[PDB]
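Trainee:
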Amino acid sequence: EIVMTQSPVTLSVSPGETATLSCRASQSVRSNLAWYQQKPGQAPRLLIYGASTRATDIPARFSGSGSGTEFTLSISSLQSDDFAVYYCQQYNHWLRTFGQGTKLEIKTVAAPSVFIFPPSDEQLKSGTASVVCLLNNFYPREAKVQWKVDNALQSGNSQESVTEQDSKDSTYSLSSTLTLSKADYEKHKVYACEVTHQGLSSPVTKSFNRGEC
Amino acid sequence: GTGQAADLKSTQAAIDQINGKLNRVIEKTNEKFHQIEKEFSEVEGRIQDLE
Amino acid sequence: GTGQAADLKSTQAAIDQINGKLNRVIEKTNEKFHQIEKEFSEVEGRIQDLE
Amino acid sequence: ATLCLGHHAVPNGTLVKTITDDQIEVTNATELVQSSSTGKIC
Amino acid sequence: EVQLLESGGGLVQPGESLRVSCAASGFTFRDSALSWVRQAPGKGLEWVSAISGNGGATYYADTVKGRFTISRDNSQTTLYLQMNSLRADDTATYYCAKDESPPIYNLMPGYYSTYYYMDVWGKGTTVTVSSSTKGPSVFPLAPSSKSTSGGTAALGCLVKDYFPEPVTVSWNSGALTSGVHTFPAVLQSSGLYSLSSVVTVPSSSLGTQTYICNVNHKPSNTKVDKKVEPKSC
Ligand SMILES: *[C@@H]1O[C@H](CO)[C@@H](O)[C@H](O)[C@H]1NC(C)=O
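Pasting the structure below:
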C-alpha cells in the first residue's frame, strides 16, 4: 500500500569506485528505512536501519542517507564480493513494503572460452538430443549466442542459462541448450555455435560433425 | 475466587496512538551546516546586533 | 420492510463544524510585497550568510 | 423491530495526517499546499 | 547467537494449507516481535506478516489478508504461519526474520511497536505451489575434437526434466571443487526445469582420473552418479 522503487535495475561500477543507489518511495517515510545485502544463494543481511544508522559490525564503507521520499545508498570502497542485490524497506502503514532490488556489478573485458558438447548416447536413445555450448569465464554478461545447424540458424529451440558473477575472477559463464528430437538431430550434419561477444574481434564458432569426435 | 487479567487490544490501541505521535515528534531533524556566527569576540554594532 | 433515511440535523451540525474550521484555515491572512533577496548569484561574505 | 444507526462511507478515500496516525483514511480532504503553476505571469 | 531455523514447507497443490515453523533460538527472549518475509526466485523481497507479544498482530499483507494466519507459541519458543488457500504465486522462499525497533518506541515490552526493522534473518524454507514430481534424467557431456582446446579440457553434466527445484550436484563426492560451474535452472517448454554443471580441468587428467557427478534431487529422491568419460574416438 506504499510502493518502493529502486533505481536503476542494475548498475556497473569498477572495484574501488563509489556506487550510489536510489530508493524513491511514494508518500513520506523517514523514521524507518533499512538497507540489505542479499548475496546470491544466501539470506539478506542488514546493513543500515532508520536512514543512516548502520547495523552492528558492518564496514564503514556502507553509507546511508535520505529523507521523506528520496533515499540513497553509497558504497565507498567497492570489493569484488559486493556483487549482491540490495533492497530497501519502509514504515509503516501497519504494512512494511520492500524495494524492487538493485543488482551491483564489478568492473577488464574477458574473452569467452567457447566449448561445444554433443548429446550423449544415453540422451540420443531417449528420443530428444539436446546440444550444449559453454562460454566459460567472460565479461561482461552481454553475449549474443546463435545456433547454426547445417549453415542455417535455429531459433525457438535454444534456452540461455547465465550464472551469477564470480566472487573472485568476476567472470560470468553462459550455457545454451538446443533441444531437438531424435530424428530432428540425425536430420542434419554440422552443428555450430555462432558466438559474438563485445570484446570479440571475430565471431568465434566451435563446431563438430555428426558421428565424429 | 478472585482473578486479574489485562486486555491486550485496548492496551495495544493506546500504544499504537502514542507510538504514532512519538514518531511525529522525533522525525526528520533539520540538518544545518554553514550558518551565521552566534558568539562574538568584540563589539561590531549594527550587523552584530542583528546577528 | 427495510428502509433507510438520513438525519439532516445531526449531519448539518457536523457539516457546520468542519466548514467552521475550513474557513479558519484558509484566508488572505498575509499580503507581502517588497521583501529580501533569497537567491544570490555570487558570494558576498557575511550578509549573504545572514540573508 | 430493529433500528440501526451508522455513518456514510465512500468507496475510495483520501489519506490524511493526524496527531496519532500518519496515514488514516477519510471520506474527503483538500490540499492546502499550492504546488502546481500555470507557468505564465498574469 | 540469535539464529532461528525454519522447518516445513515443500510441494503443495493450489488450494491446500501448509504451516511453517520458526524455532526462535538464542538471544531472543520472545517478548520482541517476529515477522515472515517471502521471496520467489526471480523476484524481490516482500513482507508477509508480523507477530507481537500475544495477540497484538493481526498484521498481514494485502496479498494474504484473508489466507495467512500467524501463530506464536512462547512456551516452546516457535513462530508459526498457517498458509491456507494457497495459490500459484505463493511459491516463494519464506524467511523468518527478527524484528527490532528504536528504543524510544515499544513502551510496554510485550506489545507491538509500529516501527520495526529486521536485523537477524533465517535460513529460509522453500515452498512450491504447483501441480507432478518428476525425477531428473542425468546425461553426461563428453569432450570432442582433441583435448577440447589443447592445453585444458572441459566436461559437463546435464540435469534435464525434473520438478521441482532444487537439485544438488557435486563432483567426485565433493573432492573436485576448483573450476566447477553450476548453472541455474531453466524451466523448459514442457514445464520441467533443466540444469547443467560443468568443470574445466587440464587435459593432463583426461585419462588418469575418472570424474563422477553427484546429482541429488531429494524432492523425488533420485540420486544418479554418472561417469563422465571422453567421447572415445
Ligand atoms: C518507559 O518507556 C520507555 C520507552 O520510551 C521504555 O523503554 C521503558 O521501559 C518504560 N519504563 C516504564 C517504567 O514504563
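Chains as they are written, first to last, in the authors' numbering: chain B, 1 to 107, 109 to 214; chain H, 360 to 410; chain P, 360 to 410; chain V, 11 to 52; chain S, 1 to 131, 133 to 234. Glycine is no exception: its CB is placed at the ideal position from the N, C-alpha and C atoms.
1. Give the residues whose C-beta lies closer than 6 Å to at least one heavy atom of ligand 1, in chain order.
2. Would you identify the three-state DSSP class for residue 167 (chain B), choosing helix, strand or coil?
3. Would you say residue 406 (chain H) faces chain P, with C-beta separation under 8 Å as the test?
4. Taking the C-alpha atoms as reference points, what is the distance between residue 57 (chain B) and residue 48 (chain B)?
5. Just grab the DSSP bridge partners of residue 15 (chain B) for me.
6. What are the start and end residues of each continuous beta strand (DSSP E) run of 3 or more residues lying completely inside the region 124-195 of chain B, in chain order?
7. Could you list which residues in chain H have their beta carbon closer than 7 Å to that of residue 381 (chain P), in chain order?
8. Say yes only if the C-beta of residue 187 (chain S) is nearer than 7 Å to one or more non-hydrogen atoms of ligand 2, and no if none qualify.
9. Are residue 73 (chain B) and residue 91 (chain B) touching if we call contact CB-CB under 8 Å?
10. In whole angstroms, what is the alpha-carbon distance linking residue 180 (chain B) and residue 157 (chain B)?
11. With a threshold of 8 Å between beta carbons, is residue 42 (chain V) in contact with chain P?
12. In the DSSP assignment, what residue or residues form a beta bridge with residue 105 (chain B)?
13. Which residues does DSSP list as the beta-bridge partners of residue 217 (chain S)?
14. Would you kindly work out how many angstroms separate the C-alpha atoms of residue 30 (chain B) and residue 39 (chain S), rounded to a whole number?
15. Just the Cα atoms here: how many angstroms apart are residue 99 (chain B) and residue 384 (chain P)?
16. Could one say the Cβ of residue 376 (chain H) lies closer than 8 Å to chain D's Cβ atoms, at least one of them?
17. In whole angstroms, what is the alpha-carbon distance linking residue 44 (chain V) and residue 388 (chain P)?
18. For residue 9 (chain S), decide whether its Cβ has a neighbour in chain H, counting only Cβ atoms nearer than 8 Å.
19. Mind checking residue 407 (chain P): buried by the 16 CB within 10 Å criterion, or exposed?
20. Helix or strand or just coil, what does DSSP make of residue 210 (chain S)?
21. In the structure shown, what three-state DSSP assignment does residue 90 (chain S) receive?
22. Buried or exposed: residue 362 (chain H), going by 16 or more other Cβ atoms within 10 Å of its Cβ?
23. So for residue 73 (chain S), helix, strand or coil by DSSP?
24. At a Cβ cut of 8 Å, what residues of the region 93-104 of chain B count as close to chain V, listed as they run along the chain?
25. Return yes when the Cβ of residue 181 (chain S) is within less than 8 Å of the Cβ of residue 158 (chain S), no when it is not.
26. Could you check what DSSP says for residue 389 (chain H) in three-state terms: helix, strand or coil?
27. Between the region 23-45 of chain B and chain H, which residues of the former have CB atoms less than 7 Å from a CB of the latter, in chain order?
28. Since residue 82 (chain S) and residue 19 (chain S) are thought to touch, with beta carbons under 8 Å apart, how far apart are those beta carbons, to the nearest angstrom?
29. One question on the structure: do residue 68 (chain B) and residue 28 (chain B) come within less than 8 Å of each other, judged by their Cβ atoms?
30. How about the region 191-201 of chain B and the region 217-225 of chain S: do they share at least three Cβ pairs that are nearer than 8 Å?
31. Give me the chain H residues within the contact set of residue 409 (chain P), using Cβ-Cβ distance strictly less than 9 Å, ordered along the chain.
32. May I ask you to report which of helix, strand or coil DSSP gives residue 31 (chain S)?
33. Specify, as a first and last residue, the run of the beta strand (DSSP E) that residue 409 (chain P) falls within.
34. What residues from chain H crowd round residue 113 (chain S), counting only those whose CB sits closer than 7 Å?
35. Taking the alpha-carbon positions, what's the residue 129 (chain B) to residue 34 (chain V) distance?
Mentor: Well, looking at it:
1. S:103, S:104 and S:107
2. Taking the first residue of the first sequence as 1, we reach residue 167 (chain B) at position 166. Coil.
3. If you number the second sequence from 1, residue 406 (chain H) lands on position 47. Residue 406 (chain H) counts as touching chain P.
4. Start at 1 with the first residue of the first sequence, and residue 57 (chain B) comes out as number 57. Start at 1 with the first residue of the first sequence, and residue 48 (chain B) comes out as number 48. Looking at the two C-alpha atoms, the distance is approximately 11 Å.
5. By one-based count along the first sequence, residue 15 (chain B) stands at place 15. DSSP output for residue 15 (chain B) lists B:17 as bridge partner(s).
6. Fully enclosed beta strand (DSSP E) runs of 3 or longer: 129-139, 144-150, 159-163 and 173-182.
7. Residue mapping note: residue 381 (chain P) aligns to position 22 of the third sequence, counting from 1. Neighbours of residue 381 (chain P) on chain H: none; closest Cβ ~23 Å, over 7 Å.
8. Looking at this structure, you won't find ligand 2 anywhere; what it does contain is ligand 1.
9. Position 73 of the first sequence, counted from the first residue, corresponds to residue 73 (chain B). Position 91 of the first sequence, counted from the first residue, corresponds to residue 91 (chain B). Contact flag unset, no.
10. The residue labelled residue 180 (chain B) in the question sits at position 179 within the first sequence. The residue labelled residue 157 (chain B) in the question sits at position 156 within the first sequence. Each residue's alpha carbon lies about 9 Å from the other.
11. In the fourth sequence, counting from the first residue as 1, residue 42 (chain V) sits at position 32. Residue 42 (chain V) counts as touching chain P.
12. Mapped onto the first sequence, residue 105 (chain B) falls at position 105. DSSP, once it has assigned bridges, lists B:12 as partnering residue 105 (chain B).
13. The count along the fifth sequence starts at 1 and reaches residue 217 (chain S) at position 216. As a beta-bridge residue in DSSP terms, residue 217 (chain S) pairs with S:169 and S:224.
14. By 1-based counting over the first sequence, the position of residue 30 (chain B) is 30. By 1-based counting over the fifth sequence, the position of residue 39 (chain S) is 39. Roughly 25 Å between the two C-alpha positions.
15. Taking the first residue of the first sequence as position 1, residue 99 (chain B) is located at position 99. Taking the first residue of the third sequence as position 1, residue 384 (chain P) is located at position 25. If I take the Cα positions, the gap works out to 37 Å.
16. Absence of chain D from the displayed structure is noted, the protein chains being B, H, P, V and S.
17. As a position in the fourth sequence, residue 44 (chain V) is number 34, starting the count at 1. As a position in the third sequence, residue 388 (chain P) is number 29, starting the count at 1. Their Cα atoms are separated by approximately 15 Å.
18. Numbered from 1 along the fifth sequence, position 9 holds the residue referred to as residue 9 (chain S). By this cut-off, residue 9 (chain S) is not an interface position.
19. Within the third sequence, residue 407 (chain P) is the residue found at index 48, counting from 1. So residue 407 (chain P) ends up on the exposed side.
20. What you label residue 210 (chain S) is simply residue 209 of the fifth sequence in a count that begins at 1. Here residue 210 (chain S) sits in coil by DSSP.
21. In the fifth sequence, counting from the first residue as 1, residue 90 (chain S) sits at position 90. Three-state result, residue 90 (chain S): helix.
22. Within the second sequence, residue 362 (chain H) is the residue found at index 3, counting from 1. It counts as exposed.
23. In the fifth sequence, residue 73 (chain S) corresponds to position 73, counting from 1. Note: residue 73 (chain S) maps to strand in three-state DSSP.
24. 93
25. On the fifth sequence, position 157 is the one that residue 158 (chain S) refers to. On the fifth sequence, position 180 is the one that residue 181 (chain S) refers to. No, the pair does not count as a contact, with Cβ atoms beyond the cut-off.
26. The residue labelled residue 389 (chain H) in the question sits at position 30 within the second sequence. Residue state, collapsed to three classes: coil.
27. For the region 23-45 of chain B, the set of positions with a beta-carbon nearer than 7 Å to some beta-carbon of chain H reads 30 and 31 in chain order.
28. Taking the fifth sequence and counting its residues from 1, the one referred to as residue 82 (chain S) is at position 82. Taking the fifth sequence and counting its residues from 1, the one referred to as residue 19 (chain S) is at position 19. Going by Cβ atoms, the distance from residue 82 (chain S) to residue 19 (chain S) rounds to 4 Å, so yes, they are a contact pair.
29. As a first step, residue 68 (chain B) is located in the first sequence; it is residue number 68 there, counting from the start. As a first step, residue 28 (chain B) is located in the first sequence; it is residue number 28 there, counting from the start. Between residue 68 (chain B) and residue 28 (chain B), the C-beta gap is smaller than 8 Å, which places the two residues in contact.
30. no
31. Your numbering for residue 409 (chain P) matches position 50 in the third sequence. Within 9 Å Cβ-Cβ: 395, 406, 409 and 410.
32. Here residue 31 (chain S) is taken as the residue at index 31 of the fifth sequence, counted from 1. Reduced to three states, the DSSP call for residue 31 (chain S) is coil.
33. Numbered from its first residue, the third sequence carries residue 409 (chain P) at position 50. First-last for residue 409 (chain P): 405-409, but that is the alpha helix (DSSP H), not the beta strand (DSSP E).
34. Counting from one through the fifth sequence, the residue named residue 113 (chain S) turns up at place 113. 378, listed in chain order.
35. Position 128 of the first sequence, counted from the start, is the residue given in the question as residue 129 (chain B). Position 24 of the fourth sequence, counted from the start, is the residue given in the question as residue 34 (chain V). Each residue's Cα considered, the two are about 60 Å apart.
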